[PDB]
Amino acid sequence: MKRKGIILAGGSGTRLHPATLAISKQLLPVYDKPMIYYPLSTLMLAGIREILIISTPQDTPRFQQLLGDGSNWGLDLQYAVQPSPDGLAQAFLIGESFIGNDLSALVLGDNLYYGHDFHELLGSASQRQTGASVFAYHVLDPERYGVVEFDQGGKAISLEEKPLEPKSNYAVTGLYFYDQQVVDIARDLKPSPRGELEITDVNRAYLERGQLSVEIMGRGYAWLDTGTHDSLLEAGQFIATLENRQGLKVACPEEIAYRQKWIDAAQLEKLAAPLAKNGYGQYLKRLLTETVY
């Protein structure tokens, strides 16, 4: 079966104002590229080419202007709007017609991942034709997230959204893989006490039926925090340190399309031309003649 992707790049309220007064958090850069390149690249690494970008009404033209229809990168991009930030599970209602009868994956527009064999980690989750897959990651501050509790055998037995007394330090990350049941589960959700349609309620519905795979994303992966001005700075410095050490980019969509064979050398060469005078286009030109393992 085909798997379609959704990037939810909705409003971060007023929490980062005045920095985000003028423009959505996900159109701002982490080091050298727009924040949205990172979760987009995550979906591309999972082999997903048909992708819905959900943003605020005000910033959808900007996401559209930035990414186009995706055909330059061998993708098929569509756009939709989330009028009010009334919960992550709204993605599946907004995206119901887009998803149709296919499998799906949701990624949050402000989620950054780095590490070895992430392609294989996503490949495994994407291969499951039934059930849902999520990733749990050990964090200092689990109370900010959906929290997973495990029994002594290591089986996931409960999920709580932003608990006052977290049962573990394992947070659910902002990457979710779903089968054909998710739209119908989302359509039956009721708003929580904080007035949102909760993705954790979606995940708990799968858990109750024994159909939730909780994979550990180990400590050798970085799931970088973009929630505060402080953590934003850290993410930028993290990406800068890797890129300047390696001479290789993290989450370059043009590169990922080229390595997936979704575009050819001639198309990559055309994409390198507009930015030929700066580091990004120079990088793209170098991809045409260097073997990188």
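In this text, the rigid core denotes the largest set of C-alpha atoms whose superposition between the two forms falls within 1.5 Å. Residues carry their position along the shown sequence, with the first being 1.
Looking at 130 to 138 and 218 to 226, the one farther from the shown form in 9 other deposited structures of this protein by average CA distance, after a rigid core fit, turns out to be 218 to 226. In 9 other deposited structures of this protein, superposed by the rigid core, the C-alpha atoms of 189 to 197 lie farther from the shown form than the other of 95 to 103 and 189 to 197. If you average the C-alpha B-factors over 115 to 123 and over 216 to 224, the higher value belongs to 115 to 123. Annotation for 170 to 178 versus 68 to 76: the higher mean temperature factor (C-alpha) is found in 68 to 76.
Highest CA B-factor among the listed residues (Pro142, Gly95, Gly131, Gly153): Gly153. Remark: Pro191 belongs to the highest third of its chain, ranked by C-alpha B-factor as recorded. Among the modelled residues of the chain, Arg49 sits in the middle third by CA temperature factor in this PDB entry. In this PDB entry, the Cα temperature factor of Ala105 sits in the bottom third of its chain's modelled residues, the lowest group.
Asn203: CA B factor in the lowest third of modelled residues in this chain (values from the PDB entry). The PDB entry assigns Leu284 a C-alpha temperature factor belonging to the middle third of its chain's modelled residues.
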